[PDB]
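Notes for the structure review
Spelled out from the first residue to the last, the chains are:
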Amino acid sequence: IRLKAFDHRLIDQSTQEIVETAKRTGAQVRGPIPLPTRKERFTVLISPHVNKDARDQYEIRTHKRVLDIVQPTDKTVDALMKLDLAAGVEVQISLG
Amino acid sequence: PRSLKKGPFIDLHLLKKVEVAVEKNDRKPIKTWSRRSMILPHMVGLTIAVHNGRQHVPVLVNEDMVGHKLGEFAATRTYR
Amino acid sequence: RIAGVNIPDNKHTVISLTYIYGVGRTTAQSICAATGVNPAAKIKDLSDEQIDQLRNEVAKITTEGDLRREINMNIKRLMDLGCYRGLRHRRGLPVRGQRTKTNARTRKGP
Amino acid sequence: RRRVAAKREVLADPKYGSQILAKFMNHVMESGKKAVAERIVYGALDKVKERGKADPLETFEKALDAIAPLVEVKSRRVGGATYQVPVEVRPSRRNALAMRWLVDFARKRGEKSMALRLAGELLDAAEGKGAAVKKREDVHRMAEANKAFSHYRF
Amino acid sequence: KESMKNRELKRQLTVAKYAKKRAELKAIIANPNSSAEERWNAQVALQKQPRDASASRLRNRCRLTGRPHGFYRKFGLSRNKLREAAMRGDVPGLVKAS
Amino acid sequence: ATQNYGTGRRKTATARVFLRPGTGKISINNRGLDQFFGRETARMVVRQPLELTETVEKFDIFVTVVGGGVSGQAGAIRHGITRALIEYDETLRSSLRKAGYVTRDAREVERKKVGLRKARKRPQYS
RNA sequence: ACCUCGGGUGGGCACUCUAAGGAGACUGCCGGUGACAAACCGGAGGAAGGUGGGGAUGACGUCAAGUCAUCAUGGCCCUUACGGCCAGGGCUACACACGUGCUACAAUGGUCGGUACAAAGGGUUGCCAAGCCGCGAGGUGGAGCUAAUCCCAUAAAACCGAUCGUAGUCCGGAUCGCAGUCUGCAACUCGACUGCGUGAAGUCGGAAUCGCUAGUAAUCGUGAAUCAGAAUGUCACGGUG
Ligand SMILES: [Mg+2]
Ligand SMILES: [Mg+2]
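Moving on: the interface of chain A and chain E. Across the boundary between the two partners, chain A contributes 15 residues, which contact 14 residues of chain E. Carbon and sulfur atoms supply 57% of the area buried between chain A and chain E, which totals about 1400 Å² over both sides. The residue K96 of chain E makes a salt bridge to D56 of chain A at a minimum N-O spacing of 2.6 Å. Counting across the interface, chain A meets chain E through four residue pairs in polar contact. Contributions of two or more residues to the side of chain A that touches chain E are made by β3 (38–45) and β4 (55–66) of chain A. Residue composition of the side of chain A that touches chain E, by class: eight nonpolar, three polar and four charged. In this structure, β4 of chain A lies alongside strand β1 (residues 94–96) of chain E, joined through three bridges in antiparallel fashion. Looking at the pairing, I60 of chain A lines up with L94 of chain E of β1 of chain E.

Shown next as C-alpha cells:
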C-alpha cells in the first residue's frame with residue numbers, strides 16, 4: 001500500500017484510520033514505513049518592472065507513506081476507501 | 001551543418017520555376033524571396049533576383065558558386 | 001633542408017617534429033607510430049638511416065612553403081566572388097560570426 | 001568595537017612531532033592545497049639534513065630568531081601631522097612576522113626545483129646573509145630616526 | 001494584446017490537427033535502411049504543408065495573462081500572476097520555506 | 001558480550017566502528033589502514049584517541065564508514081571510536097573531555113543567499 | 001547458515017538511514033564583582049553556555065523614486081487604420097569610451113599511465129541502458145522504468161609512477177583554413193559541439209578601488225529552472241580548507 005498527499009496532518013493521520021480499521025478485522029498489518037520526501041524549490045521574481053535582487057522562494061512538499069499487510073483475507077478496506085480518502089490523499093494499492 | 005544523411009536542400013516552388021524555366025532558356029531574371037536554398041549544377045549560369053530585404057538584386061551564377069547559398073550574395077546592412 | 005626546415009636538438013622526437021609546420025601534435029604521434037621511431041630518445045641519439053622514413057611522411061601531408069600558398073587561394077576564392085564570408089574578409093572584420101560592436105580587437109589591433 | 005575575538009588552535013604534526021612547523025605550514029598553503037604544501041616543507045626540510053648534520057628543526061629554530069624583529073614603526077597620525085611611532089612588538093606577534101617574511105622572499109628566489117628556494121632561505125638565516133635578515137635590520141634602522149617621536153605626540 | 005492571443009490560439013489547432021502524417025514523414029527519413037527515392041518524395045510532402053504545424057512555431061504563453069516571458073510548466077501561470085494566486089491559499093501544497 | 005558499537009559523524013560522514021578484544025587488528029571496509037587513507041597525516045589521527053588511552057595493542061577494530069569526504073571520514077572515525085571507548089566506564093571520561101575529543105564538530109557548510117554569489121561574497125560595485 | 005563469494009540468498013529488526021512524535025539550555029548551578037539590582041567577569045557539568053549557527057519576519061515614514069509595456073482604471077487621441085493578415089530584413093551593424101565576468105601569464109606547475117572518497121536534483125508525451133559500429137562528437141539497438149527498485153551518472157581537486165628543466169616554453173589558447181555529426185520545414189546574414197592544421201596578445205598588470213572575521217575567504221566539480229536546439233549568467237548542493 002502506498003500513500004501520497006501534501007501535508008503530514010492528513011497522511012500520517014489517515015494511516016491510523018487504516019491500521020486500526022484493518023487489524024480489527026483479524027488480518028495482521030505491520031507498522032507503516034516512511035519514505036524520502038519530494039522537495040521542489042521555486043525561486044520567483046517579485047517586482048513587476050525590474051529590480052532583480054528582490055526575490056522570493058517557495059517549496060512544495062509531497063509526503064509518502066507505505067503500509068504492509070501480512071495475511072490478505074479482508075475486503076473490508078476495499079469498501080472503506082471512500083472513508084479513508086478524505087481530501088487530498090491518494091492511495092495506490094499494494095496488498096502484499 | 002546539414003549533415004550528409006539529408007544531403008541536398010532546394011525549395012519546391014523554386015524548382016518548378018527553374019527546371020521548367022530551363023526548357024525556355026535565359027530571357028528573364030528570376031525574382032524570388034527565398035534565401036534558404038543552395039544553388040545546384042542544374043542551375044549554372046542563371047539570373048536570380050534575390051530579395052535584399054527591401055528590394056531585389058541580380059545574381060550572376062557561375063560554376064564555382066555551387067556549395068554556398070544565396071544568402072552570401074545579397075546584402076543586409078550598409079555601413080557606408 | 002634538414003626535414004624541410006631546421007629541427008632543434010636535445011629534445012624528444014614528437015616535440016622536434018612539431019616545428020615542421022603542417023604537422024601538429026596528434027599527427028606527429030602517428031608518424032613515430034607508423035615508422036617506429038621512439039619519441040623517448042632524443043634526436044641526437046637517433047640514426048642517420050631512418051630519417052628518410054620521417055622524410056617520407058613529410059612528402060605526404062603538406063609543406064609550409066606551399067601550405068601558405070594554397071590556403072591563400074582559399075582566401076582568394078572567397079574575396080573575388082564577393083560572397084559575404086569574403087566580403088568582410090577583404091576589410092578586416094571577424095568572419096565566423098563573433099560580436100563586432102566591442103572586443104574584437106585581435107583583428108583590428110590596438 | 002566590543003571585544004569579541006576568542007582563540008582557535010591548530011597543533012598537528014604527526015610525522016615529525018613538532019608544533020611550530022605546523023603553524024609554519026599554514027603560511028605556505030594556497031587555497032587549501034595542504035597535501036601539496038606538506039611535501040614541500042618536508043621537501044625543504046630534508047635538504048637541510050642533507051646539507052647540515054644537525055637536526056633541521058634547530059636550523060629552523062635559529063632561522064626564526066634572526067628574521068624576527070624587536071621594534072617597529074606605527075603611523076598614528078595626530079590629525080594634522082603624519083607621525084610614525086616606534087613600538088615594541090608584542091611577543092605573540094613576533095613569530096608570524098618572520099614566517100611571513102620568509103615565504104615571500106622564497107617566491108622571488110628565482111631558482112628551479114621550488115623546495116630548493118625555501119632550502120636556501122633557512123640556510124642563510126643561521127648566518128645572517130639572507131634577504132630576510134637584510135629586510136629585518138633595515139626596519140630596525142628606521143626606528144632610531146623615528147625615536148624622537150617615541151612618547152611625545154605619540 | 002487580445003488580437004495576439006487569438007492568432008496564437010489557432011496555431012495550437014493546426015499543430016494538433018495534422019500531427020500524425022509528420023510523424024510518418026519523419027519515420028521514413030530517420031531509417032538508415034530507407035531508400036532515398038522513398039526519402040526524396042517524402043521531402044515533398046513536408047514543405048507543401050503549411051509551416052505552422054511544427055512544435056517550434058508553438059510558443060507556450062501564460063494561460064490567464066498572455067505574457068511570453070516568465071512561464072513555468074509545472075503551472076500554467078506567469079511569473080507575476082503566480083504570486084498573487086499563491087498568497088490567497090489557492091495553489092495546494094505550496095508554502096514558503098528555508 | 002565484549003563487542004562495542006561506536007558511531008561518529010563529522011562533515012556529512014558516518015562511521016560504524018566496532019570494538020572488541022584482539023591484537024592490533026585494524027581493518028576498515030575490508031582494507032588495511034595504511035592502504036585506505038592514501039598519503040596523509042590522518043593515518044595517525046585515527047590513532048590519537050587510542051594511544052592517549054593506552055589501549056593501542058589490546059583491541060580488534062572493525063570500521064565501516066560511508067559518505068563524506070576524504071579527510072572527513074578520518075574525523076568521523078576519531079569521533080566514532082571515542083564513543084566506543086566510553087562504553088566501559090567514566091575513568092577515561094576526564095581523559096577525553098579535557099582532550100577535546102568527545103564533542104561533535106558542529107561546523108557545517110552554509111547555503112548560497114540571493115544577491116550574493118558565495119555564502120558571503122558579493123559582487124563588486126563602484 | 002547459505003553461497004557461484006555479489007546482502008547473492010535464506011534470514012535478522014542490532015544498526016546506519018528515513019520521518020513522525022518527544023525530552024535538552026533556563027545565567028540553571030559554583031565563586032567573585034554591582035546599590036547585591038538589574039547585570040558583568042570567571043567555574044563545574046554537558047552533544048551544545050550565555051540571543052548554539054543559519055533562514056523567513058523589515059515599525060511611523062521618506063525620495064510626486066520606478067512601472068499606463070504584467071494586469072486594473074480616470075481622461076485624451078486613432079477607428080478605410082496609430083487597427084488586422086503574410087512573406088523576407090532587423091534587434092546579434094561598429095574608429096571608439098565605461099560597467100560587471102571568465103580564463104591565463106606557469107615548475108605549490110604541464111602531460112601520460114594507473115587508482116580513492118560526495119551531496120542534491122530530474123525522468124511513462126520522457127530517461128533512453130547492455131550489445132554494437134565510429135579518430136571523436138555520435139549512429140544503431142531496444143531493455144528497464146512510473147520510481148529509496150530502472151536510467152540520468154563517469155564527481156573533480158587529492159594520492160602513485162613517469163617524463164617536462166622555468167624557454168614566449170611539451171606556457172597560453174584568440175584568430176583562421178579544411179572536414180564532420182545533432183536539432184529543426186529551414187544553421188547565408190545568425191546556433192552548438194567534433195576532427196585536423198595554424199598559432200597571436202599576454203613574463204602578475206599606473207593613479208586609483210572593492211569583497212570578507214570561520215567550515216569564512218580561496219580553489220575543484222555536480223544539478224535544476226527557462227528549453228526543438230543554445231550559459232563564462234541566475235538559483236542550488238557538496239569536496240579540500
Ligand atoms: Mg567603534
Ligand atoms: Mg535546454
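Another aspect to go through is the protein's contact with RNA strand G. The local shell around RNA strand G holds 135 residues, among which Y79 of chain B, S31 of chain D, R22 of chain E together with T12 and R16 of chain F are the closest. In the interface set of RNA strand G, defined as its atoms within 4 Å of the protein, sugar plus phosphate atoms amount to 77%. Within the side chain of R55 of chain A, one N or O atom sits 2.9 Å away from a sugar or linking oxygen of RNA strand G. Note that a phosphate oxygen of RNA strand G is positioned 2.9 Å from one of the backbone N or O atoms of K11 of chain F. Grouping the constituent residues of the surface near RNA strand G by class yields 32 nonpolar, 44 polar and 59 charged.

Bringing the packing of aromatic side chains into the picture now. Residues and elements named next belong to chain D. If you walk through the whole model with that rule in mind, you get eight aromatic pairs over all chains. Centre to centre, the rings of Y83 and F149 are 4.9 Å apart; their planes meet at 35°, and the pair counts as tilted. Placement of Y83 in the loop between β1 (71–72) and β2 (87–88) and of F149 in the segment after α7 (131–145) is noted, with a sequence separation of 66 residues between them. By relative accessible area, which is 34% here, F149 ends up partly exposed.

All names here are of chain B. With mixed pairing, the three strands of this open sheet are ordered in space as β1-β2-β3. Every other strand in the sheet has two partners, leaving β1 (30–32) and β3 (56–60) as the edge strands with one partner each. The mean inter-strand angle of the sheet, taken between neighbouring strand axes irrespective of direction, is 30°.

On to the sheet that holds strand β5 (residues 59–67) of chain F. All names here are of chain F. Read from one edge of the open sheet, five strands run β1-β2-β5-β3-β4, paired in mixed fashion. Single-partner strands in this sheet number two, and they are β1 (4–8) and β4 (31–32). Two elements, β1 and strand β2 (residues 13–21), share five bridges in a ladder whose sense is antiparallel. For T7, the partnering residue across the bridge sits in β2 and is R16. Seen against the sheet, helix α4 (residues 70–85) touches β1, β2, β3 (26–28) and β5 and runs at an angle of roughly 140° to β1.

Looking now at the pattern of salt bridges. All told, the structure shown has 22 salt bridges over all chains when counted by the stated rule. Residue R39 of chain F is joined to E38 of chain D by a salt bridge in which the shortest nitrogen-to-oxygen separation is 2.5 Å. One end of the pair, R39 of chain F, is in the loop between α1 (33–36) and α2 (42–45); the other, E38 of chain D, is in helix α2 (residues 34–41), on a second chain. For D104 of chain D, the salt bridge identified is with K108 of chain D, shortest N-O distance 3.3 Å. Residue class for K108 of chain D comes out exposed when judged on its relative accessible area of 58%. One continuous salt-bridge network, built from bridges that share partners, spans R109, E111, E121 and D124 of chain D.

Turning next to a negative patch on the surface. A contiguous patch of negative charge on the surface is contributed by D55, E58, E61 and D65 of chain D. Examined against the element boundaries, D65 of chain D turns out to sit in the loop between α4 (56–64) and β1.

This part covers the arrangement of the chains. Take the six pairs of chains in contact: the one carrying the most contacts is chains A and E. At their nearest point, the C-alpha atoms of chain B and chain D are still 44 Å apart, with no contact between the two. You won't find any contact between chain C and chain D; their C-alpha atoms come no closer than 19 Å.

Let us now look at the environment of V78 of chain D. In this fold, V78 of chain D is placed in the loop between β1 and β2. With 55 residues separating them in the primary sequence, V78 of chain D and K23 of chain D have C-alpha atoms 37 Å apart.

About the thresholds
- Counting of residues restarts from 1 for each chain and follows the sequence as written, so the numbers need not equal those of the entry; residues with no coordinates are not shown.
- Here the convention is simple: chains get letters from A, ligands get numbers from 1, in the order in which they are written.
- What appears here is a fragment of a larger assembly, so each number quoted concerns just the fragment shown.
- In computing side-chain values, all of the structure's heavy atoms are included and hydrogens and water are not.
- Residues with missing side-chain atoms are left out of burial classes, side-chain pairs and their counts.
- Throughout, a residue-residue contact means that at least one pair of heavy atoms, one from each residue, lies within 4.5 Å.
- The term buried area means the drop in 1.4 Å probe accessible area that two parts suffer when joined, counted for both and summed.
- Counted as salt bridges are all cases of a side-chain nitrogen of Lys or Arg within 4 Å of a carboxyl oxygen of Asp or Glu.
- Definition of a polar contact: a pair of N or O atoms within 3.5 Å, with one able to donate and the other able to accept a hydrogen when the atoms are protein atoms, and with sequence-neighbouring residues admitted only if both atoms are side-chain atoms.
- Secondary structure counts use DSSP, requiring at least four H or I residues in a row for a helix and at least two E residues in a row for a strand, with both numbered from the N terminus.
- Nonpolar residues are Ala, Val, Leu, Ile, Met, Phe, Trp, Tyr, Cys and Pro. Charged residues are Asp, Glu, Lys and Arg, and all others, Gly as well, are polar.
- If DSSP finds at least two bridges between two strands, the strands pair.
- By convention in these notes, a residue is near a molecule or strand provided one of its non-hydrogen atoms lies within 4 Å of it.
- Centres within 6.5 Å are what make two rings of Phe, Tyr or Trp a pair, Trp counting through its six-membered ring; a difference in plane orientation under 30 degrees is then read as stacked, over 60 as edge-to-face, and the rest as tilted.
- Burial here depends on accessible area, computed with a 1.4 Å probe over protein chains only, as a share of the maximum for the residue type. Under 20% is buried, over 50% is exposed, and the range in between is partly exposed.
- Every angle, taken between N-to-C directions, lies between 0 and 180 degrees, and every axis is a line fitted to C-alpha atoms, over only the stretch in contact when it is a helix.
- The residues that make up patches have over 30% relative accessible area and no salt bridge, and they are joined within 9 Å when like-charged or within 5 Å when they are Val, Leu, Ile, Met, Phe, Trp or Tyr.
- All accessible areas in this document rest on Shrake-Rupley with a 1.4 Å probe, and a residue is counted as covered only by the protein chains that are shown.
- Two residue types count as positive, namely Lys and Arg, and two as negative, namely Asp and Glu; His and chain ends fall outside the count.
- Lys charges are placed at NZ, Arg charges at CZ, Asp charges at CG and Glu charges at CD.

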